[PDB]
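**Q** Sequence and experimental coordinates follow.
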Amino acid sequence: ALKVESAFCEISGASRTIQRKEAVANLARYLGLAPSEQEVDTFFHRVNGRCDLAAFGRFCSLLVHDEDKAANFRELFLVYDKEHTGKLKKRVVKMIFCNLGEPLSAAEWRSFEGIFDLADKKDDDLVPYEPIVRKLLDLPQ
Amino acid sequence: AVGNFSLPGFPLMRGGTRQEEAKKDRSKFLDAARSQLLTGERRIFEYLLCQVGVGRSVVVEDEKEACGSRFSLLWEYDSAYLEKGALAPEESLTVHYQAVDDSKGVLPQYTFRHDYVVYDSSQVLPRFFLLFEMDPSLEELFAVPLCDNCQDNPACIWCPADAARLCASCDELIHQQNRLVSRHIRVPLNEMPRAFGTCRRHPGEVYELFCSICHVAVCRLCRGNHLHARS
Amino acid sequence: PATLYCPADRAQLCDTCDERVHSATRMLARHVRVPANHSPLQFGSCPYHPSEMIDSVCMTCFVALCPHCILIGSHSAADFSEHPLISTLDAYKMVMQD
Amino acid sequence: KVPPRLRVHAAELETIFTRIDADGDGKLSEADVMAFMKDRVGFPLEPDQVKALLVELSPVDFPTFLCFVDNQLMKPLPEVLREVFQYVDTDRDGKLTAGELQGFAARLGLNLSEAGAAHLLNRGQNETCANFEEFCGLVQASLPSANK
Amino acid sequence: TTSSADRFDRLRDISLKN
Amino acid sequence: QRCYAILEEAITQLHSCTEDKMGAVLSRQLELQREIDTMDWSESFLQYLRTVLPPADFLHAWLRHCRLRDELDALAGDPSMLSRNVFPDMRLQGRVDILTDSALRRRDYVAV
Amino acid sequence: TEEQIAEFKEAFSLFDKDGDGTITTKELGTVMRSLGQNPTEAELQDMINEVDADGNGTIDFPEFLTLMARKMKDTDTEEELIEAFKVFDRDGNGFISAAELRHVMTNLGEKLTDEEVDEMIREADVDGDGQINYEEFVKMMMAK
Amino acid sequence: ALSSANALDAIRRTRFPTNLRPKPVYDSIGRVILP
Amino acid sequence: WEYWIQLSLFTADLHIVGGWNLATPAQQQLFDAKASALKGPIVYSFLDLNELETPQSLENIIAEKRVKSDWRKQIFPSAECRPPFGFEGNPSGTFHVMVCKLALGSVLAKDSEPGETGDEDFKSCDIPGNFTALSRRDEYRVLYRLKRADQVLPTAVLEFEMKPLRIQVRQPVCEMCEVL
Amino acid sequence: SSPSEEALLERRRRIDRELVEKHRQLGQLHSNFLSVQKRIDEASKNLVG
Amino acid sequence: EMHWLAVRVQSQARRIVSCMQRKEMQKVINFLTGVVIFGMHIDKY
């Protein structure tokens, strides 16, 4: 709870309150969490403008989830890889995130390949998804 | 029974790792006190204040061996001290019903109960046939309250600047959260400026003077029934 | 230019960091914040001791006393012990309402 | 550690504002913070990060820069102070002789005596230069603590 | 507290099996 | 079995004596709780008419509302009395003993 | 209707496996069903005529939109799946027993076979105790 | 799947107790709040 | 009677068109004395003519001489009235309401617990012999059920229009000479 | 400040004071009911004992 | 599950941004505090 109280401070400032859309939708990610854009939409709608220390502390505790496992993330690439070779196409990789689920925007996408080494290859290149899953869940590759 | 004895129908809870985690028994105690108004079935306690003269007592174990037909004292020793008997009472927490709201209650501590077996009738002289009344809805003047912040241990420091009643463990925590609050002057709880109190033989107005013959507080209407009214 | 005062914690601390150092728990929330320069530490120096401000006033000898002028001042004698000592803002409001 | 250090240390904290503010209007502006970037550091911070800096600090005022100072020092001390040991050293030997402490921080606009700088490095055995962990200790020792 | 205390609890056990 | 028959007969007496004792007071309390909320509701309509009616309509509506209060005065009554002299007076008395037949022999020797 | 376009591109690339959205004609029926309305078997080959209108051989994004704009049934909405099993909830406990569906909707009903509804019971009842909580099932239906 | 919308149900139906800010002494009009 | 219906509907647009007292003033006094004999007050219930157990029109109740409704199994809306039936088709239309002057006796707040699916507990439960009435907060809406049918004396049928009626206002003229 | 507005306020005080007395009467009747109920529970533990 | 694989991407691609920019901003507060060392080891003497 000391990490929650500390990290809330450097963003809220002296007002002790986050009114910005971006800074409260994101701040739980320093604490180790993954709140969705739809989840923070319901959070900001219930606290309807102000976010205080008590509201953030349970925003961390009610989003601790046991579905961040490698078994559930490998099943997503397993169906698209019907041959079970452990590799998918890079063109398949793009529709999986831009188009499926929440539509990922283009700007944060350009920083995605810069940190996962997917910018230097061409669109139809063969890519593995085991480095994709392990680097995302911060397991050692 | 010589000493502190317990009376049935009284708010009387418990004093006080893997044993302290049952602290929720006090939270349920204050929950039950607020949930129900307690007339507490005030009673018809009829007691005999017997001047029991015990003397040169022999130390004896529990009652089953101090029964007259199996001990047979000498003419020197005259009573039997039941060592591992009685109950040896306890306890601080007690609700009060202060004015029009509930509180708590930290009763007087440092109790005992010493039980003596007396075997002949001339060591017992009844003196008074006391008919007395115990009602929990009245005022309890032995009224040490708890810390406001910590809601836990009995308060013994009153900070006049903070306007809060505090025990030692919470009072340190009051004054360390900011540099500014460290320099609050901290008087003990003792006899904080609260009031002087309204009269009991008639409500409404407060005491003003003192009597000094029968030591009791005197109000503005009280000196007329005072025969020495000067002192 | 400082105007807010806390009567509980004696600190003349307008605006500024009061939004962040005086809003922590249920503790710091109550803490009345009497504004408009209603500060007992603003009536001038003590004429004997020119370092502290007049914040207490005597209601028997009727002299203006700073903390130095009451603790080891002229009013710190043995016979000057039972005299009532109200705050100086309590004194000024008293003259206004008679 | 939300410092009441830097109130006792606000007489020199204020003179930092008078040097970042070239025009001296009481506002540390967008032009004021960029000018402080090139003359003391020299690393060119292009305007979308000097505007980014102004967000968690529109020109920003004296109480709110005190907020930025007192808040990012909450983080543990040896893990944050990292850049000081590597930037004050320009010969990059891991050591900090008294000359470049004087030079770079008088470009930051302050002073020391040669004897005062000598007492910092003379903490027991004949050193004219400090490393990572002992200068971290000199930070805590000279600074009255932020918890009371 | 307030004197007494340490002498009260030592003679509470009046059975002198010492 | 004859234990629990006597004990539930005391329970039935307790619940029946409490039902008509609390019945006189709870009926009066809900009577006055409705009385506060009905007239507070009536003031909410007059506060609405204060902000919505022009001054000519609101004077007529105020004359209407004063008669509305006095008609609620008439259609409320004033029983009081019986709902005030009922007291918390309940107590348990009895003499139940388990006796041997030869104990009943000794009881009759003392008694008639 | 940008939110309805979003439901279009999600189902279209879900059963697509090629790389640029061109899906084969076998799963043109499946992506149409995942929007949430019943098919007719003649409509299947009627879609293929606009699939091979330009000789593409595959289904491509714009002609999927003009196809769906022509053919739009009343889609099933989120709240009425709750009611669709609440009317089956004669018990009032919020639990829908597995065996009560099988008798009631097969002696009644328009187009239902013995094997299709047996798939519906078996996939809904994963614990095997013979009950399906329907709030968890409808959250497993269209929780978006 | 299971916990993703168990979280969505949780955020929807958990009550939010609010932290208490200090009582304002300067009104937005510019006056001083009097008892 | 108009300000009564205005109070019950939160509407400063409703204005009365007429009325019919279907009870003699001597009968109103007899019902008042019976209510005080029951140690209970009188509440006005503003019911729609078609909300009753069996609906009757105005011409039905005048000709047949009886409002033939079992007042025992009947639910009385008090204070807040629902909008009269029809309403949202013709809001500025003419409707009818009937006032049941009811002798509310001893009351029990049934106060249906959270989990209730409707008024099935407020319909089928037997009123205890101690009391003579039941109450329910339906959310200031109170619903009353009376055990007795010698406790509901209907007073008047009132028809109204929903369109405002403003006072004609006359800013003054000079008295001795009506020239300015 | 009409006579009906401060006859309204008199009726506020009269009914509210009577609510305070009736709420204490529910508390005393409920306390006595579970007082005798406790005497039942002690009579059950004693007679069966 | 693709939505949750997407928001782990939203978390991870955001972490790498402030491992640079916050490290540049605590850099700013570091030489600021490190010359609070400088300006008052001298007026003490």
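**A** Happy to help now that I have it. Residues are numbered from 1 along each chain as shown, chains lettered A, B, ... in the order given.

**Q** Would you map the strands across chain C?
**A** C:56-58, C:64-65, C:85-87 (DSSP state E).

**Q** Of those, give the one that comes closest to chain I.
**A** Minimum separation from chain I across the strands of chain C (CB to the nearest CB) falls at strand C:85-87, 49.1 Å. Heads up, the C-betas are built off the backbone N, CA and C, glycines and all.

**Q** and the closest one, what does it pack onto?
**A** Applying 3 or more CB pairs under 8 Å, 6 or more residues apart in numbering or on different chains; DSSP states H and E, we find strand C:85-87 packed against strand C:56-58.

**Q** Which neighbouring elements make contact with the strand it packs on?
**A** strand C:64-65, strand C:85-87, helix C:88-96.

**Q** so residue F:6 makes contact with residue F:97?
**A** No: using CB atoms under 8 Å, residue F:6 is not in contact with residue F:97; the gap is 11.6 Å.

**Q** Mind checking which of the two has more residues around it?
**A** residue F:6 (13 against 8; other CB atoms under 10 Å in any protein chain shown).

**Q** got a list of what residue C:61 touches?
**A** C:75, C:80, C:83 (CB atoms under 8 Å, 6 or more residues apart in numbering or on different chains).

**Q** Just the buried residues of these.
**A** C:75, C:80 (16 or more other CB atoms under 10 Å in any protein chain shown).

**Q** Which of the contacts of residue C:61 sits closest to chain F?
**A** Taking CB to the nearest CB as the measure, chain F sits nearest to residue C:83 out of those, at 52.4 Å.

**Q** Helices of chain I, start to end?
**A** I:2-9, I:25-37, I:58-64, I:120-124 (DSSP state H).

**Q** most tightly surrounded among the helices and strands packed on strand C:56-58?
**A** A comparison of the helices and strands packed on strand C:56-58 by mean neighbour count, using mean count of other CB atoms under 10 Å in any protein chain shown, puts strand C:64-65 on top with a mean of 21.

**Q** That strand pairs with which strands, and in what direction?
**A** Strand C:64-65 pairs in its sheet with strand C:56-58 (antiparallel), by DSSP bridges.

**Q** Show me how far the partner strand is from its chain's centre.
**A** From the chain centre to the centre of strand C:56-58 is a distance of 10 Å (CA atoms, centre = their mean, to the nearest Å).

**Q** Can you add distance to residue I:65 and give the strands of chain C back as a markdown table?
**A** Formatted as a markdown table, these follow (distance: least, CB to CB, whole Å):
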| stretch | distance to residue I:65 |
| --- | --- |
| strand C:56-58 | 89 |
| strand C:64-65 | 94 |
| strand C:85-87 | 83 |
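
**Q** between those strands, which gets nearest to residue B:93?
**A** Ranking these by their distance to residue B:93 (criterion: CB to CB) puts strand C:85-87 first, at 38.7 Å.

**Q** Neighbouring strands of the closest one in the sheet, and parallel or not?
**A** Next to strand C:85-87 in the sheet, as set by DSSP bridges, lie strand C:56-58 (antiparallel).

**Q** who's in contact with the partner strand?
**A** C:40, C:63-67, C:70, C:75, C:83-88, C:91.

**Q** Does stretch D:14-32 reach chain K?
**A** Yes: on the criterion CB under 8 Å from any CB of the partner chain, stretch D:14-32 is in touch with chain K at D:15-16.

**Q** Give me the packing partners of the helix or strand harbouring residue G:132, helices and strands only.
**A** In the assignment (DSSP states H and E), residue G:132 maps to strand G:131-133. In terms of contacts (3+ CB pairs under 8 Å, 6+ apart), strand G:131-133 is packed against strand G:95-97.

**Q** helix or strand right after the strand it packs on?
**A** helix G:98-104.

**Q** So residue 13, which state does it fall into?
**A** Went with chain A since none was named. helix (DSSP: H, G, I helix; E, B strand; the rest coil).

**Q** likewise residue D:23?
**A** coil.

**Q** got the contact list for it?
**A** D:29, D:32.

**Q** Next, work out how far apart it and residue D:35 are.
**A** 10 Å (CB to CB, to the nearest Å).

**Q** swap in residue G:65?
**A** 55 Å.

**Q** same check, this time on residue D:100
**A** Residue D:100 sits 23 Å away from residue D:35, going by CB to CB.

**Q** what's the answer for residue F:34, then?
**A** Residue F:34 sits 75 Å away from residue D:35, taking CB to CB as the criterion.

**Q** Who has more neighbours out of the two?
**A** Applying other CB under 10 Å to residue F:34 and residue D:35 shows that residue F:34 carries more neighbours, namely 23 against 16.

**Q** Name the helix or strand for the more buried one, please.
**A** Using DSSP H and E, residue F:34 falls within helix F:2-52.

**Q** Do that helix and chain B come into contact?
**A** No: using CB under 8 Å from any CB, helix F:2-52 never reaches chain B; the gap is at least 13.6 Å.

**Q** Settle this for me: residue A:98 is touching residue A:92, isn't it.
**A** No: under the criterion of CB under 8 Å, residue A:98 makes no contact with residue A:92, lying 11.5 Å away.

**Q** Of the two, which one has the most company?
**A** Neighbour count, other CB under 10 Å: between residue A:98 and residue A:92, residue A:92 has more, with 20 against 17.

**Q** from what I can see the more buried one touches residue G:21, true?
**A** No: taking contacts as CB under 8 Å, residue A:92 lies outside contact range of residue G:21: 10.9 Å.

**Q** OK, contacts around residue B:36?
**A** J:27, J:30-31, J:34.

**Q** Dump the residues you listed into CSV; add distance to chain B and neighbour count as well.
**A** Shown next, in CSV, are these (distance: CB to the nearest CB, whole Å; neighbours: other CB atoms under 10 Å in any protein chain shown):
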residue, distance to chain B, neighbour count
J:27, 3, 15
J:30, 7, 16
J:31, 4, 17
J:34, 8, 15
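
**Q** circling back: which is the next helix or strand following the strand holding residue G:132?
**A** As assigned by DSSP H and E, the chain's next helix or strand after strand G:131-133 is helix G:134-142.

**Q** Looking at the contacts of residue C:61, which one is closest to chain G?
**A** For the contacts of residue C:61, the nearest to chain G is residue C:83 (75.5 Å; CB to the nearest CB).

**Q** Excluding chain neighbours, what is closest to the closest one?
**A** Spatial nearest neighbour of residue C:83, excluding adjacent residues (CB to CB, 6 or more residues apart in numbering or on different chains): residue C:60 at 4.0 Å.

**Q** For the residue most central in space within chain A, list the residues it contacts.
**A** Centroid-nearest residue in chain A, with CA atoms, centre = their mean: residue A:34, separated by 5.0 Å. By CB under 8 Å, 6+ apart, residue A:34 lies in contact with A:63, A:65, A:68, K:4, K:7-8, K:10-11.

**Q** And for the closest residue to residue I:94 other than its chain neighbours, the neighbour number?
**A** Excluding the flanking residues, the one nearest residue I:94 by CB to CB, 6+ apart is residue I:161, at 5.4 Å. Residues contacting residue I:161 under the criterion other CB under 10 Å number 15.

**Q** Also residue I:123?
**A** Applying other CB under 10 Å, I find that residue I:123 has 10 neighbouring residues.

**Q** Tell me how far it lies from chain B.
**A** 32 Å (CB to the nearest CB, to the nearest Å).

**Q** Return the residues of chain C in contact with chain B.
**A** Residues of chain C lying close to chain B (CB under 8 Å from any CB) are C:8-11, C:13, C:21-22, C:24-28.

**Q** ok, those vs residue I:101, which is closest?
**A** residue C:26 (53.0 Å).

**Q** just to revisit the earlier point, could you dump the contacts of residue B:36 into CSV with secondary structure and distance to chain K added?
**A** Shown next, in CSV, are the contacts of residue B:36 (DSSP: H, G, I helix; E, B strand; the rest coil; distance: CB to the nearest CB, whole Å):
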residue, secondary structure, distance to chain K
J:27, helix, 54
J:30, helix, 53
J:31, helix, 56
J:34, helix, 53
